[PDB]
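Chain and residue survey
Now for the letters of each chain:
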Amino acid sequence: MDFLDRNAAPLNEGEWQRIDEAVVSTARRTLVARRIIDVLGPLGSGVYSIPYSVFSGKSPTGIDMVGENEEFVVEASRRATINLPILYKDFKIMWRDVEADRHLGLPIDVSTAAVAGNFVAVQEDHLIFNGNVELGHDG
Amino acid sequence: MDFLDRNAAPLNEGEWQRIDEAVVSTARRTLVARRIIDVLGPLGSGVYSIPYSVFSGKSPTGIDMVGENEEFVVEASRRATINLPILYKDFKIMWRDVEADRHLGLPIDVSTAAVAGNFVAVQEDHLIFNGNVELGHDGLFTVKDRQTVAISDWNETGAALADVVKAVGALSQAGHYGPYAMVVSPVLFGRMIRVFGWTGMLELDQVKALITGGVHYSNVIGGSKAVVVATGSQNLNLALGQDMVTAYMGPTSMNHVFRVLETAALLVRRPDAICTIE
Amino acid sequence: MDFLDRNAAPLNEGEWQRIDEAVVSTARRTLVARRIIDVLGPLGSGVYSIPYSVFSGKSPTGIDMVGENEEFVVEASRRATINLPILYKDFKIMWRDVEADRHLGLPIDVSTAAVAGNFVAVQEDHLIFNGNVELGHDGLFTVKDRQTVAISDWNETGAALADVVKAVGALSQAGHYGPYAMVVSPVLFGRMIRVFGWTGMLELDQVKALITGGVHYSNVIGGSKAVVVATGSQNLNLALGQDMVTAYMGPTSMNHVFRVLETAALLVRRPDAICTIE
Amino acid sequence: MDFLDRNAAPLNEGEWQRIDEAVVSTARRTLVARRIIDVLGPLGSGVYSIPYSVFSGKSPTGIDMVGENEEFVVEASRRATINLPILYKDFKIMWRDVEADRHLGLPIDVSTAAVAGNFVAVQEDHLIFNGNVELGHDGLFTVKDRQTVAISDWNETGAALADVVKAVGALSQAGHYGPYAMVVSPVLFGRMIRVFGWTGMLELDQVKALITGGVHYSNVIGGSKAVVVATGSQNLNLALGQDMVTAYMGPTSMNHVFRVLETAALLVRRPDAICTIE
């Protein structure tokens with residue numbers, strides 16, 4: 001992916017792997033929704049909005065030796081759409097800490113990244129359960 | 001030149017070539033001044049200020065069989081220098097539209113850049129017609145030496161031709177023969193679209209036949225005003241420092257911010273070569 | 001573009017050529033909007049929805065001697081997105097004829113395909129000009145921030161020219177200079193054909209001298225109304241997904257059913273760039 | 001093409017050619033219908049009958065997000081078939097005149113051939129506009145599902161324009177947008193040549209601006225009647241069979257005798273495309 005700048009930053013891959021693992025593990029601890037609800041995708045950055053069918057209707061099932069009838073199609077009661085918001089939060093790693101890890105081996109204070117991961121995970125859950133007014137997302 | 005980060009923005013040069021085109025094609029649409037007033041330069045970014053002569057006065061010409069007296073030198077009624085400000089506006093290509101180009105193929109919404117280019121061009125015109133108070137510039141409606149003509153009620157037929165004739169009168173008496181050009185606020189320009197007498201053409205066609213440099217219009221000029229110019233680099237020029245260009249500013253937030261900028265200013269070399277009808 | 005089964009119909013490619021030309025030669029003779037408004041793309045099949053930016057309102061341009069203030073940023077009045085509907089109608093080639101009139105030496109009767117192309121281009125116009133209620137598409141005659149001019153009684157001479165002048169006033173006041181274009185209901189267009197003044201040429205041609213991007217009519221515009229549009233991809237685009245094409249739909253009985261479709265929507269990028277005379 | 005028997009006539013190629021050119025050119029000067037109804041074919045030779053379709057009624061049009069409903073079909077409302085009669089007239093060339101025009105140097109008299117061509121073409125037009133009872137053919141004034149408009153007194157100023165506006169209204173209601181063409185009896189056409197009024201143009205030139213397919217006159221439209229046609233091969237056709245040709249038909253006395261023949265028939269694919277003003 002292009003948008004994700006990972007080369008102008010000073011941090012090595014041995015830092016990135018720690019930071020991402022601290023985010024992933026903090027999410028997997030924090031989240032409730034990805035227990036009750038399955039992940040779809042992931043789809044990449046570029047999908048701004050998704051078309052999705054609404055079924056919301058009760059209809060029978062076919063039961064015959066050859067199944068002549070075609071009454072039994074599942075009907076999309078409405079084929080609506082939704083736009084995918086960004087949830088984000090931002091955190092600083094001090095230049096002192098970077099230069100320390102780059103000479104003295106003192107590891108980055110990735111607890112910042114963990115705190116950001118926790119806060120975005122909380123916002124993900126809040127979006128899912130409570131919805132949001134301004135985005136118009138029903139929850 | 002290095003002050004514009006043509007390689008630091010994420011955009012490929014095809015997208016640069018679409019963004020510059022989406023600026024230039026709205027500059028050319030929007031600008032009136034460059035149709036009236038000749039461009040001087042462009043000079044490059046470094047030219048922070050320009051000295052210019054102001055021949056506001058009149059002084060006698062010699063006539064002699066011998067050709068000896070030296071009183072008959074032209075002065076410069078004042079000499080002055082004017083500073084070129086930066087005109088600029090910022091347009092903000094949001095980051096996920098880049099990925100939507102990268103993978104969904106739907107190209108970038110450069111219409112932000114077009115709207116910025118329009119806002120820059122409108123500021124260029126606004127500066128040239130009405131010099132900014134804070135910078136202490138003067139423009140064609142603020143120059144104090146200029147000719148003036150009392151505007152009539154152009155709701156009457158032929159009154160716009162009459163006032164144009166007055167303005168060509170005053171310009172001629174100032175020593176400025178044509179070709180004149182004129183710019184009209186659109187509330188009057190609409191009133192110039194009438195049949196005139198039985199002459200078998202519009203009143204505007206009379207004015208365009210007399211004002212052979214053409215009649216233009218802009219909402220930049222206040223309502224019920226017009227300005228008439230004895231065209232040519234002899235009388236007015238528009239200096240360009242850096243001609244209108246697009247410059248990056250790095251990422252601000254995740255989004256990519258770009259600046260459209262131009263440095264230009266009006267030097268009124270002959271303040272008697274202008275009449276405002278008002 | 002793969003979902004159209006050129007190979008599953010019985011028709012050979014010469015018989016496809018016949019019917020595609022039968023569609024295109026009826027579309028060209030009826031499409032207005034593609035002559036008023038720029039085609040975006042076409043984006044290709046099934047590009048289901050398009051994000052776009054609406055730039056109503058204004059904010060100040062920066063003029064300063066050095067670039068130090070970041071307030072001067074372009075932001076849309078809203079980020080927006082629109083759903084591309086399908087326009088379609090079907091026609092049913094009878095299976096007998098496909099080898100009956102073959103041995104009459106008749107080329108396949110394409111007449112229903114022409115009728116389908118017609119009804120497609122009619123629904124296209126009806127969507128673009130008049131919007132749609134069910135899909136919620138706003139059209140040129142419905143978008144709420146547009147300019148409006150109260151129409152004069154065009155039974156007078158020059159009244160239509162005066163209303164066109166009013167419309168170009170309301171567009172130019174908003175900073176949208178030409179080339180404009182106009183589309184008029186034929187009940188009005190039939191009264192714009194008048195000899196004007198002593199000029200010896202038509203009021204409609206005076207308008208075309210002013211509205212240089214062209215004047216047109218389509219019966220879709222109900223009653224006495226017209227719309228004047230500041231042309232160009234900066235102001236409006238016709239979004240095309242699937243450009244108009246014919247698609248096979250398999251047998252039915254043994255008769256062959258064909259579909260003609262296009263997917264298109266109106267991108268009102270600038271509501272203020274439109275004025276309706278009504 | 002055995003029935004032409006061109007070798008059995010005495011005439012050489014240069015003697016024959018002018019007889020065909022005399023026929024063809026007078027047909028071109030006479031055939032009104034082929035200006036406004038498209039020729040189909042010509043087909044084979046003499047082919048006895050053709051199947052065709054009537055698309056009466058007006059199904060709605062598909063605007064939908066998915067394309068689901070299949071009701072939007074051109075519903076072939078009823079099948080039909082028609083038989084192509086021969087139209088013919090015979091012209092006769094005396095052996096005395098042949099010999100005089102071969103030894104006595106005179107050019108061969110062909111003044112009969114063009115009169116046969118004329119009486120043929122006038123019969124073809126009378127067929128197309130008025131049908132034929134004995135064959136059960138119907139024409140533009142006799143097809144049953146056509147629109148009608150009550151003709152006003154075309155001695156009043158503007159009456160013909162107003163009635164054509166009514167007819168174009170009715171065709172618009174049928175969903176036939178243009179281009180329209182129209183054919184008028186001479187008694188009315190001589191009433192369309194008036195100054196329409198202060199509009200300053202002939203009423204006929206108003207109608208020609210509204211009826212862009214052109215206005216025509218013909219003998220076969222008896223009395224105060226006119227017809228308006230939503231042109232194009234999707235609404236009407238003329239099917240020729242054998243396009244107008246001369247056949248040698250064997251001596252009587254020593255006089256050579258020739259036949260001019262035609263096989264055209266009217267296909268009324270959409271009886272709603274026709275309005276008669278009567």
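Method of determination, as annotated in the archive: cryo-EM, at 3.60 Å resolution.

Side note on the overall build of chain B
Counting secondary structure elements, chain B contains seven helices and 12 strands. Each of the three principal axes of chain B carries a C-alpha extent, and together these read 80 × 55 × 30 Å. Classification of the 278 residues of chain B by burial places 53% in the buried group. Once local pairs closer than 6 in sequence are excluded, the contacts in chain B between residues at least 24 apart make up 78%. Carbon and sulfur atoms make up 51% of the accessible area of chain B, which amounts to about 12,700 Å² in all. Distance between charge centres in chain B, computed from 23 positive and 31 negative side chains, equals 5 Å.

Here's the deal with the relation of the copies chain B and chain C
With an RMSD of 0.8 Å, chain B superimposes on chain C once it is rotated by 59 degrees and translated 2.9 Å along the axis. The overlap is low: 2% of the interface residues of chain B also sit at the interface in chain C, so different surfaces are used on the two sides.

Overview of the interface of chain D and chain C
Every contact between the two is made by 37 residues of chain D and, on the other side, 36 residues of chain C. Summed over both partners, the interface of chain D with chain C comes to about 3,200 Å²; 62% of that surface belongs to carbon and sulfur atoms. Summed over the three residues of chain D that lose the most area to chain C, namely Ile63(D), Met65(D) and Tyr177(D), the buried surface amounts to 21% of that side. Taken together, chain D and chain C are joined by two salt bridges. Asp109(C) is the salt-bridge partner of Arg269(D), the closest N and O atoms lying 4.0 Å from each other. Summed over the shared surface of chain D and chain C, the number is 11 residue pairs in polar contact. When contributions to the side of chain D that touches chain C are tallied by element, the ones reaching two or more residues are β2 (49-54), β3 (62-64), β4 (73-74) and α7 (203-210) of chain D. Top contributing element to the side of chain D that touches chain C by residue count: β3(D), with three residues. Of the residues in the side of chain D that touches chain C, the class split is 17 nonpolar, 13 polar and seven charged.

Observations concerning the interface of chain B and chain C
Of the residues lining the interface, 42 residues belong to chain B; the matching set on chain C comes to 41 residues. Taken together, both faces of the contact between chain B and chain C bury some 3,900 Å²; the carbon and sulfur share is 61%. In this assembly, chain B and chain C are joined by two salt bridges. On inspection of chain B and its partner chain C, the count reaches 15 residue pairs in polar contact. Broken down by element, the residue count for the side of chain B that touches chain C peaks at eight residues, all from helix α4 (residues 111-129) of chain B. For the side of chain B that touches chain C, the class distribution of residues is 24 nonpolar, 11 polar and seven charged. Direction of pairing for strand β4 (residues 86-93) of chain B relative to strand β3 (residues 62-64) of chain C: antiparallel, over a ladder of three bridges.

Side note on a negative patch on the surface
A contiguous patch of negative charge, built from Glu70(A), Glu71(A), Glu75(A), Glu68(D) and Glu70(D), is present on the exposed surface. On the secondary structure map, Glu70(A) appears in the loop between β1 (49-51) and β2 (81-83). What makes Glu70(A) exposed here is its relative accessible area of 71%.

Things to note about the sheet that holds strand β13 (residues 274-277) of chain C
Residue and element names in this part refer to chain C. Across the sheet, five strands lie side by side as β6-β13-β9-β7-β8; this open sheet has mixed pairing. Each having just a single partner strand, β6 (147-149) and β8 (215-217) make up the two edges of the open sheet. The sheet shows a mean angle of 20 degrees between the axes of neighbouring strands, taken without regard to direction. Pairing between strand β9 (residues 226-230) and β13: four bridges, direction antiparallel. Each bridged residue has a counterpart across the sheet, and for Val 229 the counterpart in β13 is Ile 274.

Considering the environment of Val74(A)
All names here are of chain A. As for its position among the elements, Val 74 is in the loop between β1 and β2. Judged by relative accessible area, which is 60%, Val 74 ranks as exposed. Along the backbone, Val 74 and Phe 55 are 19 residues apart, and their C-alpha atoms lie at a distance of 7.6 Å.

Overview of the packing of aromatic side chains
Taken as a whole, this structure holds 17 aromatic pairs over all chains when the rule is applied. Relative to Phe72(C), the ring of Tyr88(B) lies with its centre 5.6 Å away and its plane at 65 degrees, an arrangement referred to as edge-to-face. Here the residue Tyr88(B) occupies a position in strand β4, and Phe72(C) occupies one in the loop between β3 and β4 (78-83), the pair thus bridging two chains. Like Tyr88(B), the residue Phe72(C) is buried in the burial classification. Pairwise contacts between aromatic rings join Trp16(B), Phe91(B), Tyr248(B) and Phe258(B) into one cluster. The cationic tip of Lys89(C) hangs over the ring face of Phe119(C); the distance from NZ or CZ to the ring centre is 3.6 Å.

Here we look at the pattern of salt bridges
All names here are of chain B. Summed over all chains, the structure comprises 36 salt bridges over all chains. The partner of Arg 18 in a salt bridge is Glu 15, and the shortest N-O contact between them spans 3.2 Å. On the criterion of helical spacing, the pair formed by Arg 18 and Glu 15 is a turn pair, its members being three residues apart in helix α1 (residues 13-30). Close ionic contact of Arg 270 with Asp 272 constitutes a salt bridge, the shortest N to O distance being 2.5 Å. The exposure class of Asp 272 is buried, given its relative accessible area of 9%. Shared partners join several salt bridges into a network, and the residues in it are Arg 34, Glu 124, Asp 243 and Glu 262.

Let's talk about the nonpolar core
In this structure, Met182(B), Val184(B), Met192(B), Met182(C), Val184(C), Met192(C) and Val215(C) are the most contacted members of the largest nonpolar core, which totals 58 residues. If one sorts the elements of this core by residue count, helix α5 (residues 159-173) of chain C sits on top with eight residues. With residues near it in sequence (within four places) discarded, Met182(B) still touches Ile36(B), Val164(B), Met192(B), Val207(B), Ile211(B), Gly214(B), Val215(B), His216(B), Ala226(B), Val227(B) and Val228(B). One finds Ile108(C), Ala113(C), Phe119(C) and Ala121(C) within the second-largest nonpolar core, a separate group that totals 26 residues.

Things to note about the sheet that holds strand β7 (residues 147-149) of chain D
Residues and elements named next belong to chain D. Strand order in the open sheet formed by five strands is β7-β15-β10-β8-β9, with mixed pairing between adjacent strands. Strands with a single pairing partner mark the edges of an open sheet, and in this sheet they are β7 and β9 (215-217). In this sheet, neighbouring strand axes are inclined to one another by 20 degrees on average, regardless of whether the strands run parallel or antiparallel. Of the strands in this sheet, β7, β8 (180-184), β10 (226-230) and β15 (274-277) are in contact with helix α5 (residues 159-173), which crosses β15 at around 155 degrees.

Section: the packing of helix α5 (residues 159-173) of chain B against helix α7 (residues 203-210) of chain B
Each packed pair of helices is defined by two parameters, the angle between the axes and the distance between the axes. Residues and elements named next belong to chain B. Running from amino to carboxyl end, α5 crosses α7 at an angle of 15 degrees, the nearest separation of the two axes being 9 Å. Of the possible angle classes, the one that applies to α5 and α7 is roughly parallel. Every pair of crossing elements has a handedness; the one defined by α5 and α7 is right-handed. Between α5 and α7, the contacting residues are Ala 159, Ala 160, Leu 161, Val 164, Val 165 and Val 168 on the first element and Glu 203, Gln 206, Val 207 and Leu 210 on the second. Its residues assigned to classes, the contact of α5 with α7 shows eight nonpolar, one polar and one charged.

Here we look at a nonpolar patch on the surface
A cluster of nonpolar residues, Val32(A), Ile36(A), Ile37(A), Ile128(A) and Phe129(A), forms a patch on the protein surface that exposes about 470 Å² of accessible area. Classification of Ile36(A) as exposed rests on a relative accessible area of 71%.

Describing the side chain of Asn235(B)
Residues and elements named next belong to chain B. You can see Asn 235 is positioned in the loop between β8 (226-230) and β9 (237-240). Here the side chain of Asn 235 touches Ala 230 through a polar contact of 2.7 Å, landing on its backbone oxygen. With sequence-adjacent residues up to four places away left out, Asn 235 is seen in contact with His 176, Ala 230, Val 268, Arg 269, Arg 270 and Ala 273.

The rules behind the values
Note on numbering: residues are counted from 1 along each chain in the order of its written sequence, which can differ from the entry, and residues with no coordinates are hidden. To read the labels, note that chains go from A and ligands from 1, taken in the order they are written. Note that the chains on view sit within a larger assembly, with every value limited to the chains on view. As a rule here, side-chain values cover all heavy atoms of the structure and leave hydrogens and water aside. Strands are runs of DSSP state E lasting at least 2 residues, helices are runs of H or I lasting at least 4, and numbering of each runs from the N terminus. Relative accessibility decides the category of a residue: with a 1.4 Å probe and only protein chains considered, values under 20% of the type maximum give buried, values over 50% give exposed, and everything between is partly exposed. Residue contacts are counted whenever heavy atoms from the two residues lie within 4.5 Å of one another. All accessibility values rest on the Shrake-Rupley procedure with a 1.4 Å probe; residue burial counts only the protein chains present in the view. Counted charges follow a simple rule, with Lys and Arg positive, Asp and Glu negative, and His plus the chain ends left uncounted. In plain terms, the charge of a residue is placed at NZ if it is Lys, CZ if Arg, CG if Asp and CD if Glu. Superposition of the copies is carried out by least squares, using only their C-alpha atoms. Buried area adds together the accessible area that both of two parts lose upon being put together, with accessible area traced by a 1.4 Å probe. Any carboxyl oxygen of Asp or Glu that lies within 4 Å of a side-chain nitrogen of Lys or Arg is treated as forming a salt bridge with it. Pairs of N or O atoms are called polar contacts if they sit within 3.5 Å, as long as, within protein, a hydrogen donor faces a hydrogen acceptor (for residues adjacent in sequence, only side-chain-to-side-chain pairs). Any residue outside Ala, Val, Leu, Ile, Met, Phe, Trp, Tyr, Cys, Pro, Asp, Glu, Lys and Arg is labelled polar, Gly included; the first ten of those are nonpolar and the last four are charged. For two strands to count as paired, DSSP must find a minimum of two bridges between them. Exposure above 30% relative accessible area and no salt bridge define the residues that can form patches, which grow by joining like charges within 9 Å and nonpolar side chains of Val, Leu, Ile, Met, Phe, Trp and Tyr within 5 Å. Only the stretch in contact is used when fitting a helix axis, every axis being a line fitted to C-alpha atoms; angles between N-to-C directions are given from 0 to 180 degrees. Pairing of aromatic side chains requires ring centres within 6.5 Å, counting the rings of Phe and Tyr and the six-membered ring of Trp. Pairs whose planes differ by under 30 degrees are stacked, by over 60 edge-to-face, and all others tilted. A positively charged side chain is recorded as over a ring if its NZ (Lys) or CZ (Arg) lies within 6 Å of the ring centre. The angle to the ring normal must also be within 35 degrees. Only buried residues count toward a nonpolar core, which is a set of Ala, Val, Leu, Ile, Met, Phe, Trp, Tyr and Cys residues joined through side-chain atoms within 4.5 Å. Between 65 and 115 degrees an angle is taken as roughly perpendicular, under 35 as roughly parallel, over 145 as roughly antiparallel, and anywhere else as oblique. Take the far helix as your reference; a near helix turned counterclockwise from it by less than a right angle gives a left-handed crossing, and one turned clockwise gives a right-handed crossing.

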